[PDB]
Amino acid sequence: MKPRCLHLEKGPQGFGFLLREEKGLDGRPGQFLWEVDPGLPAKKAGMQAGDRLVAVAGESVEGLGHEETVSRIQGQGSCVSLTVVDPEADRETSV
């Protein structure tokens, strides 16, 4: 999946996503869009649950820890550029 760079403007309820860290098999942390809220900025920009957050403000956050990634998003204030890599829709299953 090609990275997609989206520009969000937050309102009173924020950008509209849940960021959660998961470590891969190599130990390196990934920060994932765990859930994206309907009708809020991220969703309106086409961000999806399962997206990996790969850049904030044009700078890579691939392999970066959670608090460092969150502070980088917070450091940008009202308007933020975020780059994501989308999942394959068929690699989720309810069992």
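Heads up: residue numbers just count along the shown sequence, starting at 1.
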query: Mean Cα B-factor comparison, 68-76 or 7-15, giving the higher one as deposited; finding: 7-15
query: Entry-level comparison of average CA B-factors, 19-27 and 83-91, reporting the higher stretch; finding: 83-91
query: Chain-wide C-alpha B factor ranking for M47, given as lowest, middle or highest third; finding: highest
query: For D37, the third of its chain into which the C-alpha B factor falls; finding: highest
